[PDB]
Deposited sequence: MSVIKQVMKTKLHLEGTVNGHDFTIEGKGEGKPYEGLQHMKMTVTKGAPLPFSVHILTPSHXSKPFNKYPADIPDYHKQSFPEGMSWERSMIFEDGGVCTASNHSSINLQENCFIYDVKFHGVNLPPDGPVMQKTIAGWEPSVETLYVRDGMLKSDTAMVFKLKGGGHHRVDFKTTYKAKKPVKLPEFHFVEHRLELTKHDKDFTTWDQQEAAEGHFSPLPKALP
């Protein structure tokens, strides 16, 4: 059911700093190569009063490159689908929660994402509300099974405009709708980039490269 090239369609409803908004995404990628892109459009609540970088990682699990000896938890869950849930704890008290439902439209060869996003206690002079985030650095995600689900940890660090970094702890749970071959403990390299946009970020292009692997260090 997962072809060498596949489309994506996203619908996200969010509330950040008491500001409601709807985002619509349309993209495509090479699932087995771990490459994908998507064009976002803030259909409601534009212009957003916060850094859109807090939302970019909440916009696609079937596009992770994996070796043959690591079962792909996400690809195996389709066509039944999966869901993912996540908490994002910032260094300054800010907390965002995101959750998704991923399904497939076999006719269109397109993945359907329905996402919820909630941002609270973002400090008014912090980098999210002040829009001083330049983008995310690449990241290494650590994944292991917990209760038959795939749990992961990621110190997702963003670059500040003017230099310096700010860490956001991501705790995610991936939940396949039907049982799949569970993988052993492993890592996923991630590089998320916001490449093009209009002046006030009502529309933008975001891409992601992702590769799973065991530790390269010998025992």
In deposited-sequence numbering, the unmodelled segments run 1 to 2, 62, 223 to 225
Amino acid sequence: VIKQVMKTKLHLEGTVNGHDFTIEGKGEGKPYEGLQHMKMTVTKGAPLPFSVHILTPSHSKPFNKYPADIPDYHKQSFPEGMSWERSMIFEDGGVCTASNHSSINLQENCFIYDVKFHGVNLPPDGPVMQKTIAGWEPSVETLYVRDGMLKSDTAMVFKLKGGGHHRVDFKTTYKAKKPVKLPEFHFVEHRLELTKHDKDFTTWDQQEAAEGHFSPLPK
From here on, numbers count along this sequence of modelled residues.
Comparing 127 to 135 with 106 to 114, which has the greater mean CA B-factor as deposited? 106 to 114
Would you tell me which stretch averages the higher CA B-factor in the PDB entry, 162 to 170 or 175 to 183? 175 to 183
Checking the entry, which one of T154, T56, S51, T41 has the top C-alpha B factor? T41
Ranked C-alpha temperature factor of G94 among modelled chain residues, by third: lowest
Rank-wise, by C-alpha B-factor, drop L35 into the lowest, middle or highest third of its chain. highest
Among modelled residues of the same chain, the CA temperature factor third for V188: lowest
Mind checking which third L150 falls in for C-alpha B-factor across the chain? lowest
Binned into thirds over the chain's modelled residues, the C-alpha B-factor of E80 lands in the highest
